[PDB]
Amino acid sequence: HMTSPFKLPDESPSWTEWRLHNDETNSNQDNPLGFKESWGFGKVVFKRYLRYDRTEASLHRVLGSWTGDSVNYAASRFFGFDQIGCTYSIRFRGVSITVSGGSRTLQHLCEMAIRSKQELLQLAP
């Protein structure tokens, strides 16, 4: 058991739900069920698939999936004298963004990760 940086649980679709969504949507790279994101600290990675429908209500919900404080609490379990690498990644509609650097830069990594997340999820389709 490990404390996760995420504050919402994973919502990965089953294979059947994915196949049903594929049968009832025209392009499904344009209209996925949601997006995937992950936070890596040294060799430990935590991942989420979150549903997102491009409304303001849904954007607000998924932007609450991690904060600077929840990331710092989870990441500090792995910190010591030497710096470790930290990475946030998010993929949505065929585009991935990663924000990465050493643990001494974690506050800045979170600031850039949250802004990347918001821009990507709001990208004109």
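For every residue, the number given is its place in the sequence shown, counted from 1.
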Gap at residue 28 across at least one third of the other PDB entries:
yes
Mean C-alpha temperature factor, higher of 27-35 and 95-103
27-35
Going by the B-factors listed in the PDB entry, is the mean over the C-alpha atoms higher for 60-68 or for 74-82?
74-82
Lowest, middle or highest third: which one holds residue 20 when the chain's residues are ordered by CA B-factor from the entry?
highest
Within-chain third of residue 108 by Cα B-factor, per the entry:
highest
